[PDB]
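Residue numbers (full-length UniProt numbering), protein chains in the order written: chain P, 51 to 99; chain U, 14 to 316; chain X, 153 to 203. Just so it is clear, CB atoms sit at the ideal spot from N, CA and C, and this is done for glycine as well. Here's the structure we're looking at; comments come further down.
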Amino acid sequence: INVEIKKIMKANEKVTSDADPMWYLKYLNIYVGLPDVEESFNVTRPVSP
Amino acid sequence: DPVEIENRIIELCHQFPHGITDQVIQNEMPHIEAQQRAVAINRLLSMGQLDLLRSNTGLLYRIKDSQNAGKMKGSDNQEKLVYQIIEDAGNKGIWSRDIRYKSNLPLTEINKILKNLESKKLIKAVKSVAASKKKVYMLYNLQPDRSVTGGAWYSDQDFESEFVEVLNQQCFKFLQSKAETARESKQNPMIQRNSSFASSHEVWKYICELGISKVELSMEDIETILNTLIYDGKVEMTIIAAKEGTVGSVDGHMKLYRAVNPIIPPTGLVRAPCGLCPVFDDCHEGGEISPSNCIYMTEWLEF
Amino acid sequence: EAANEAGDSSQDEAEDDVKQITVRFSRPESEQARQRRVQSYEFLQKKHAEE
Ligand code: SF4
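So, in structure tokens, the structure goes:
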């Protein structure tokens, strides 16, 4: 989660389509954050195991 | 100066749109060596303004098609890089899907190119009658081929079954009348056969004099109609040897058609409901489909 | 072998094999195909021969 995920994101950082050139989607940095639960209405909250 | 040599070659190509040969180039500029001329031609072909053609007289160097412009919006690069295969197809035409796959360009880009060319009158879109899926694009100057589009039978991508049936009926009536006249003449067997024989050109002129439809019907079209009649089992065709005459269609050969009666009348199998039954395979003594409680034979006996 | 196939007959008539204009499109090559062409052995051999 600290190094390998970043390396994979760097390997697949850029993705583009053949049609309509000059269009691309570039990934800069990926985060995992802390464990949260999607129970609340569009609100995050720390949840225990 | 190689730049001056290239400029002079381009000027000569402009003067001769059909192309120029090494002999013409040498006659125009004799003080330059063949090696320098070849280097100049190689540079021109590498930069992409000249095209090479191999004719019975040798090699021709023609200026690339750039003055004829139908899509000036954007860049002439894609314009010519589409017009190339547009012209290559020409009479046979090419579908939009094939144009896209050959150009490796987006659908929107190719559609814009085609629309601009059609607005500036360089290409025409015609519906493919063989497969009515997309409209093929052809050159506005070339005549549309009959196989890929058009045809004396097809009218607006619709086959004229009634028209072909009328043609067949009229041809069969004419051949039957001719055979009847030949039989009534009863002058000699060979003369009777020769008179019952009908020539392709003769039946074509007869159909033209009739004038059932407005579209011009060709001798080959009438020949195809007569071949369909033969396949129908009503006329017979014979190839005789005649050097030249009023037909002059085939070299040394002439096709003569005559209406002939069938070999034998309808057989006995067709006279029974069992021979014309579509579920004949499922026939069985004891079951749902049984000859005892059959409906086909019941109605056939009631009639 | 090509010359033999051509001279299979004693007298070869003038063949009407005029080279039709088969100018293919310089299609825009995708990045992957361009990298493949660059890494191909023929491209490297031609680059070495250019010198
Ligand atoms: S239903 Fe009667 S007529 Fe039809 S196939 Fe069977 S036996 Fe023959």
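Any C-beta of chain X sitting closer than 9 Å to the C-beta of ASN154(U)? Here residue 154(U) refers to the residue found at position 141 when the second sequence is read from its first residue. Not closer than 9 Å to any Cβ of chain X, the Cβ of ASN154(U) fails to qualify, so no.
Beta strand (DSSP E) segments (min. 3 residues) lying fully within the stretch 23–104 of chain U: 63–68, 71–76
Here's the rule: buried if 16 or more other CB atoms are within 10 angstroms of the residue's CB, otherwise exposed. What is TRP217(U)? Position 204 of the second sequence, counted from the start, is the residue given in the question as residue 217(U). So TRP217(U) counts as buried.
Closest residue to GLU197(U) among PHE187(U), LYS186(U), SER209(U) (Cα-Cα distance): The sequence position of residue 197(U) within the second sequence is 184, counting from 1. The shortest C-alpha separation from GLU197(U) is found at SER209(U).
When every heavy atom of the ligand SF4 is checked, does at least one fall within less than 8 Å of the C-beta of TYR244(U)? Counting from one through the second sequence, the residue named residue 244(U) turns up at place 231. Incorrect: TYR244(U) has no Cβ contact closer than 8 Å to the ligand SF4.
Does the Cβ-Cβ distance between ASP35(U) and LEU72(U) come in under 9 Å? As a position in the second sequence, residue 35(U) is number 22, starting the count at 1. As a position in the second sequence, residue 72(U) is number 59, starting the count at 1. For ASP35(U) and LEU72(U), yes; Cβs fall inside 9 Å.
Within the continuous alpha helix (DSSP H) that includes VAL216(U), where are the two ends? What you label residue 216(U) is simply residue 203 of the second sequence in a count that begins at 1. Start and end: 213–223.
Using a C-beta to C-beta distance shorter than 9 Å, which residues of chain X count as neighbours of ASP78(U)? Your numbering for residue 78(U) matches position 65 in the second sequence. Under the 9 Å cutoff, chain X gives no residues; its nearest Cβ is about 10 Å from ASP78(U).
May I ask you to list, following chain order, the residues of the stretch 166–198 of chain X that have a beta carbon less than 9 Å from some beta carbon of chain U? Within the stretch 166–198 of chain X, the qualifying residues are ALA166, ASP168, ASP169, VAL170, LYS171, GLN172, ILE173, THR174, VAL175, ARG176, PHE177, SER178, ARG179, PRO180, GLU181, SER182.
Contact defined as beta carbons within less than 8 Å: I believe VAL161(U) pairs with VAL149(U). What is the distance between those atoms, to the nearest angstrom? Along the second sequence, one-based indexing puts residue 161(U) at 148. Along the second sequence, one-based indexing puts residue 149(U) at 136. At roughly 7 Å, the Cβ-Cβ gap stays under 8 Å, so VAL161(U) and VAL149(U) are in contact.
With 9 Å set as the bound, which would you pick, yes or no: does the beta-carbon of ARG113(U) sit closer than that to a beta-carbon of chain X? Within the second sequence, numbered from 1, the residue matching residue 113(U) stands at position 100. Not one chain X Cβ lies under 9 Å of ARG113(U).
Any contact of the stretch 80–89 of chain U with the stretch 181–195 of chain X, i.e. 3+ C-beta pairs under 8 Å? no
In its own chain, which residues sit with a C-beta less than 8 Å from the C-beta of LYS134(U), not counting the 5 before and 5 after it? Your numbering for residue 134(U) matches position 121 in the second sequence. Beyond the five residues adjoining it in sequence on each side, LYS134(U) comes within less than 8 Å, by CB distance, of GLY83, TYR153 in the same chain, given in chain order.
Quick check: is the beta carbon of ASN55(U) nearer than 9 Å to any beta carbon in chain X? As a first step, residue 55(U) must be located in the second sequence, where it is residue number 42. By this cut-off, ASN55(U) is not an interface position.
Which class does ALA154(X) belong to by DSSP, given the choice of helix, strand or coil? The residue labelled residue 154(X) in the question sits at position 2 within the third sequence. Note: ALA154(X) maps to helix in three-state DSSP.
Between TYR150(U) and the ligand FMN, is there a pair consisting of the residue's CB and a ligand heavy atom that are separated by less than 8 Å? The ligand FMN is absent from the structure shown, which contains only the ligand SF4.
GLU173(U) vs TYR167(U) beta-carbon contact at 9 Å: Taking the second sequence and counting its residues from 1, the one referred to as residue 173(U) is at position 160. Taking the second sequence and counting its residues from 1, the one referred to as residue 167(U) is at position 154. Yes, they are a contact pair.
Could you work out which residues of chain X lie near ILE243(U), taking near to mean beta carbons separated by less than 8 Å? Within the second sequence, residue 243(U) is the residue found at index 230, counting from 1. Here the premise fails: no neighbours, minimum Cβ distance about 35 Å.
Could you check whether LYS60(P) and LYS76(P) sit closer than 9 Å to each other, using their CB atoms as the reference points? For the purposes of this step, residue 76(P) is taken as residue 26 along the first sequence, with counting starting at 1. For the purposes of this step, residue 60(P) is taken as residue 10 along the first sequence, with counting starting at 1. No, the Cβ-Cβ distance between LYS76(P) and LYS60(P) is not below 9 Å.
Got a sec: which bits of the stretch 100–131 of chain U sit with their beta carbon under 9 Å from any beta carbon on chain P, in order along the chain? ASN117, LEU118, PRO119, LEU120, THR121, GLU122
Does the pairing of the stretch 244–252 of chain U with the stretch 262–280 of chain U give three or more beta-carbon distances under 8 Å? Yes: the two stretches touch, three or more of their Cβ pairs being nearer than 8 Å.
Is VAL292(U) near the ligand SF4 - that is, is its Cβ less than 8 Å away from at least one heavy atom of it? Locating residue 292(U) in the second sequence gives position 279, counting from the first residue. It does: the Cβ of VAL292(U) is within 8 Å (strictly closer) of some heavy atom of the ligand SF4.
Could you tell me the distance, in whole angstroms, from the CA atom of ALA158(X) to the CA atom of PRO279(U)? As a position in the third sequence, residue 158(X) is number 6, starting the count at 1. As a position in the second sequence, residue 279(U) is number 266, starting the count at 1. Cα to Cα, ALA158(X) sits roughly 58 Å from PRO279(U).
Excluding five sequence neighbours on each side, which residues of the same chain lie with their C-beta closer than 7 Å to the C-beta of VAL97(P)? Here residue 97(P) refers to the residue found at position 47 of the first sequence. Excluding sequence positions up to five before and after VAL97(P), its CB lies within less than 7 Å of the CB of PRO85, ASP86, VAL87, all in the same chain and listed in chain order.
Beta bridge counterpart(s) of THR66(P) as assigned by DSSP: Against the first sequence, residue 66(P) aligns to sequence position 16. In DSSP, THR66(P) forms a bridge with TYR74(P).
Comparing the C-beta of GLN97(U) with each C-beta of chain X, is any distance below 9 Å? Taking the first residue of the second sequence as 1, we reach residue 97(U) at position 84. Yes, its Cβ sits closer than 9 Å to a Cβ of chain X.
State buried or exposed for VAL95(U), treating a residue as buried only when at least 16 other CB atoms are found within 10 Å of its CB. For the purposes of this step, residue 95(U) is taken as residue 82 along the second sequence, with counting starting at 1. Around the Cβ of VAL95(U), a 10 Å sphere holds 16 or more other Cβ atoms; the residue is buried.
So which of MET203(U), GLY164(U), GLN49(U) has the shortest CA-CA distance to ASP234(U)? Counted from its first residue, the second sequence places residue 234(U) at position 221. Comparing Cα-Cα distances from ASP234(U) to each of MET203(U), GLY164(U), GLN49(U), the minimum goes to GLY164(U).
Near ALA195(U), which residues of its chain fall below 7 Å by C-beta distance, leaving aside the five closest residues on each side in sequence? As a working mapping, residue 195(U) is identified with position 182 in the second sequence. Cβ within range, chain order: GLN205, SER208, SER209.
Would the C-beta of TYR270(U) count as close to the ligand SF4, meaning under 8 Å from any of its heavy atoms? As a working note, residue 270(U) is residue 257 in the second sequence. Result no, Cβ not under 8 Å from the ligand SF4.
How would you write the range of the beta strand (DSSP E) that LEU269(U) sits in, first residue to last? Stepping through the second sequence from its first residue, residue 269(U) is reached at position 256. Its beta strand (DSSP E) spans residues 266–272.
For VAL177(U), which residues in the same chain have their Cβ closer than 8 Å to its Cβ, ignoring the five residues on either side in sequence? Working through the second sequence from its first residue, we reach residue 177(U) at position 164. Result list for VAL177(U): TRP166, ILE238, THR241, in chain order.
Within the same chain, show all residues whose beta-carbon is closer than 8 Å to that of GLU19(U), passing over the 5 residues directly before and after it, in chain order. As a working mapping, residue 19(U) is identified with position 6 in the second sequence. The residues are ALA53, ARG56, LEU57.
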